[PDB]
file model_11.cif (mmCIF, C-alpha atoms)
data_entry
loop_
_atom_site.label_atom_id
_atom_site.label_comp_id
_atom_site.auth_asym_id
_atom_site.auth_seq_id
_atom_site.Cartn_x
_atom_site.Cartn_y
_atom_site.Cartn_z
CA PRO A 2 116.03 94.15 78.58
CA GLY A 3 117.25 92.96 81.97
CA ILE A 4 116.00 90.30 84.34
CA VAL A 5 113.09 90.82 86.72
CA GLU A 6 114.02 90.80 90.40
CA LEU A 7 111.78 88.59 92.51
CA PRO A 8 111.79 87.79 96.23
CA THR A 9 112.53 84.24 97.27
CA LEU A 10 109.71 81.99 98.43
CA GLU A 11 111.15 82.09 101.95
CA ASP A 12 110.80 85.89 102.05
CA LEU A 13 107.06 85.63 101.32
CA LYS A 14 106.11 83.49 104.33
CA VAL A 15 104.18 84.96 107.25
CA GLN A 16 101.68 83.94 109.89
CA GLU A 17 98.36 83.92 108.05
CA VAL A 18 95.02 85.39 109.11
CA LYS A 19 92.66 82.55 108.23
CA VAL A 20 89.20 83.81 109.21
CA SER A 21 86.42 83.94 106.64
CA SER A 22 84.90 87.09 105.14
CA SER A 23 81.96 87.23 107.57
CA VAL A 24 84.25 87.22 110.62
CA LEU A 25 86.31 90.03 109.10
CA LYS A 26 83.18 92.03 108.27
CA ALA A 27 81.87 91.55 111.81
CA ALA A 28 85.14 92.79 113.34
CA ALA A 29 85.98 95.35 110.63
CA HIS A 30 85.04 98.57 112.44
CA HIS A 31 87.02 97.80 115.59
CA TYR A 32 89.86 96.42 113.45
CA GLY A 33 90.07 99.70 111.54
CA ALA A 34 89.94 101.64 114.78
CA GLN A 35 92.66 99.61 116.53
CA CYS A 36 95.13 98.60 113.79
CA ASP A 37 95.01 101.93 111.95
CA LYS A 38 98.68 102.94 112.19
CA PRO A 39 100.41 99.92 110.55
CA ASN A 40 97.69 99.74 107.89
CA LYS A 41 98.14 103.41 107.00
CA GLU A 42 101.91 102.96 106.92
CA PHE A 43 101.54 100.01 104.54
CA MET A 44 99.10 101.88 102.29
CA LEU A 45 101.37 104.94 102.14
CA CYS A 46 104.32 102.70 101.21
CA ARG A 47 102.18 100.95 98.60
CA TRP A 48 100.91 104.14 96.96
CA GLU A 49 104.31 105.88 97.04
CA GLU A 50 106.58 103.05 95.88
CA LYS A 51 104.22 101.73 93.17
CA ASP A 52 105.96 98.37 93.52
CA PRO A 53 104.73 95.52 95.76
CA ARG A 54 108.27 94.19 96.28
CA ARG A 55 109.25 97.27 98.33
CA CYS A 56 106.52 97.05 101.00
CA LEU A 57 106.77 93.46 102.24
CA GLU A 58 107.83 94.18 105.83
CA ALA B 3 -23.07 75.12 80.06
CA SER B 4 -20.87 76.90 82.59
CA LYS B 5 -19.46 80.40 82.16
CA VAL B 6 -16.97 81.17 79.41
CA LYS B 7 -13.42 80.68 80.68
CA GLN B 8 -10.65 82.33 78.66
CA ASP B 9 -7.15 83.57 79.31
CA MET B 10 -7.73 87.15 80.34
CA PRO B 11 -6.20 89.98 82.34
CA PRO B 12 -7.14 90.11 86.06
CA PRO B 13 -9.90 92.31 87.56
CA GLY B 14 -8.97 95.95 87.41
CA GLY B 15 -5.51 95.80 85.86
CA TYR B 16 -1.97 94.40 85.80
CA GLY B 17 0.70 96.34 87.67
CA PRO B 18 2.61 99.08 85.82
CA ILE B 19 5.72 97.94 83.97
CA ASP B 20 8.90 99.99 83.94
CA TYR B 21 10.59 100.76 80.64
CA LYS B 22 12.65 103.95 80.99
CA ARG B 23 16.44 104.06 81.19
CA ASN B 24 17.80 103.84 84.74
CA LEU B 25 21.50 104.72 85.14
CA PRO B 26 22.18 106.29 88.56
CA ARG B 27 24.95 108.83 89.05
CA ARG B 28 26.87 106.87 91.71
CA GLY B 29 30.20 108.63 92.03
CA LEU B 30 32.34 111.14 93.85
CA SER B 31 33.32 114.50 92.38
CA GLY B 32 36.53 114.95 90.42
CA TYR B 33 38.01 117.24 93.07
CA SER B 34 37.80 114.54 95.75
CA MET B 35 39.48 111.89 93.59
CA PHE B 36 42.26 114.25 92.52
CA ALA B 37 42.82 115.27 96.15
CA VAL B 38 43.01 111.64 97.33
CA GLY B 39 45.48 110.80 94.57
CA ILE B 40 47.72 113.77 95.33
CA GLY B 41 47.65 112.99 99.06
CA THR B 42 48.64 109.38 98.41
CA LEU B 43 51.50 110.58 96.20
CA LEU B 44 52.79 113.00 98.85
CA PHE B 45 52.62 110.38 101.61
CA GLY B 46 54.53 107.93 99.43
CA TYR B 47 57.14 110.56 98.56
CA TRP B 48 57.82 111.36 102.22
CA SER B 49 58.03 107.70 103.24
CA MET B 50 60.41 107.00 100.35
CA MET B 51 62.54 109.99 101.38
CA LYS B 52 63.02 108.60 104.88
CA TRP B 53 63.76 105.08 103.67
CA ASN B 54 66.23 106.20 100.99
CA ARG B 55 68.18 108.35 103.45
CA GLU B 56 68.41 105.41 105.85
CA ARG B 57 69.63 103.20 102.99
CA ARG B 58 72.29 105.76 102.07
CA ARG B 59 73.58 105.71 105.64
CA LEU B 60 73.66 101.90 105.60
CA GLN B 61 75.63 101.90 102.35
CA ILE B 62 78.14 104.34 103.85
CA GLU B 63 78.58 101.99 106.82
CA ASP B 64 79.23 98.97 104.60
CA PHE B 65 81.68 100.95 102.46
CA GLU B 66 83.55 101.95 105.62
CA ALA B 67 83.79 98.30 106.65
CA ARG B 68 85.31 97.52 103.24
CA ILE B 69 87.76 100.42 103.64
CA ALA B 70 88.82 99.08 107.04
CA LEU B 71 89.38 95.60 105.59
CA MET B 72 91.22 96.67 102.42
CA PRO B 73 94.91 96.90 103.55
#

call {"tool": "encode", "arguments": {"input": "model_11.cif", "output": "structure tokens"}}
result
Amino acid sequence: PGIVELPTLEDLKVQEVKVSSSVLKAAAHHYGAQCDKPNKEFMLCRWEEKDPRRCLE
Amino acid sequence: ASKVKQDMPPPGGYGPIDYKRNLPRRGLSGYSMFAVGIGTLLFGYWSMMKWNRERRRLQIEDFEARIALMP
């Protein structure tokens, strides 16, 4: 029934945010205030496409 | 040939001895106890109201932190 398309391992690499959960919780309110626009763009893409392979950028 | 000496009651008489039932009343009225209980209940209700509303606000704050972190 057709092959499944998958991104290459090179396409999945990105600079990683490597702080623990407590750091994120401490900074969460200001992070949601400051980085709102790209996060909302990503969530809209995610909930409209219904496919994680289309919202990687 | 001295006087007769025998175990006997003392001159005049022995002191009166109690025998009747003695159970004092020793209590508050029912109205006072009911009033104290109802007052305690109302005070507890109001304190719990304040604390539960504060806890609801705290839960909302934590949920908002999770929402911020989700993307």

call {"tool": "interface_residues", "arguments": {"input": "model_11.cif", "of": "chain A", "to": "chain B", "cutoff": "10 Å", "atoms": "all atoms listed in the file", "output": "ChimeraX atom specification"}}
result
/A:22,25-34,36-37,39-44,47

call {"tool": "residues_near_point", "arguments": {"input": "model_11.cif", "point": "(105.3, 101.0, 100.2)", "cutoff": "7 Å", "atoms": "only C-alpha atoms", "output": "list in words"}}
result
residues 43, 44, 45, 46, 47, 48, 49, 50, 55 and 56 of chain A

call {"tool": "atom_distance", "arguments": {"input": "model_11.cif", "atom1": "CA of residue 5 (chain A)", "atom2": "CA of residue 51 (chain A)"}}
result
15.5 Å

call {"tool": "atom_distance", "arguments": {"input": "model_11.cif", "atom1": "CA of residue 4 (chain A)", "atom2": "CA of residue 52 (chain A)"}}
result
15.8 Å

call {"tool": "atom_distance", "arguments": {"input": "model_11.cif", "atom1": "CA of residue 54 (chain A)", "atom2": "CA of residue 7 (chain A)"}}
result
7.6 Å
